[PDB]
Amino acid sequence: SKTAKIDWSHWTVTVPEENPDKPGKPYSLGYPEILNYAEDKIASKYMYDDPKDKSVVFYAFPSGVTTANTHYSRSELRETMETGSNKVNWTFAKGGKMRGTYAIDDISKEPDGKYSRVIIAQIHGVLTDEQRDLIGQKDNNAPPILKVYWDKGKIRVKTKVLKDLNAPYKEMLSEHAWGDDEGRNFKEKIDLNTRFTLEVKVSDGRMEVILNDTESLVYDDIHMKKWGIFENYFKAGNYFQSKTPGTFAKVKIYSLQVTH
């Protein structure tokens, strides 16, 4: 192929720029209009081809336009395991694997001279409509159980923990029941402009993140078991973790594969 190996039939994209038809909401493309990204006057600014090395660039920066739970701007893919649908999602028991080949093509520094941080892969929980309505929530949001960062020359992983292990079901369904773990870093330093591979392997009660098919960070304790009540979708691209004026990142993806 002349372009990156990304199966567009299983992703939507949200970008930093406002949707003119939904003031205050970021522009997005799903299937099949997402295939037109190179020619879309809005999206092609933020998701575009590098034909020289067959990558797709995800370019993001603080735009002031974000979605409801989001807080930072993004140029990022959201997995649709069923082409055309947001509502079909997977449990950890069902499982899933995502493989991507990435490079951090460019990124800003913060005023203290340290690089800005960027989230390049996630697993995001999502409530079913039945769960949402059980607890009376305004939308289907649920915590990002996995966030994978590029952070000052390392790949860093953050996961969620259940704060109270005897919390009842309806409490467990709320984001307030889930806190952050302490974070874990891969040993291998990843410089800018360096291809690396990420693989995320999810199965019942178990989440594994692999860098360059060498080191694995494995999550398999009680919190992964408790997390089984959620459905999930993968995310990949550039969820940019700064609002400092003038900051940005560009994340290249050469290959992206999801299986269930």
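Residue numbers here begin at 1 and follow the sequence given.
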(request) Read off the CA B-factors in the entry, average them over 53-61 and over 187-195, and name the higher stretch. (result) 187-195
(request) Compare the mean C-alpha B-factor of 74-82 with that of 172-180 as given in the PDB entry, and name the stretch with the higher value. (result) 172-180
(request) Check the PDB entry and point out which of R156, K94, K87, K109 has the largest C-alpha temperature factor. (result) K87
(message) Just the C-alpha B-factor column, please: which of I34, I222, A38, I229 has the biggest number?
(response) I222
(message) Based on the deposited C-alpha B factors for this chain, I'd like to know if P143 is in the lowest, middle or highest third.
(response) middle
(request) Using the B-factors in the PDB entry, rank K163's C-alpha atom against the chain and give the third, lowest, middle or highest. (result) highest
(request) Divide the modelled residues of the chain into thirds by Cα B-factor and specify which third, lowest, middle or highest, holds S9. (result) middle
(message) By the recorded C-alpha temperature factor, relative to the other modelled residues in its chain, which third is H124 in?
(response) lowest
(message) Going by the CA temperature factor in the PDB record, which third of the chain does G237 belong to: lowest, middle or highest?
(response) lowest
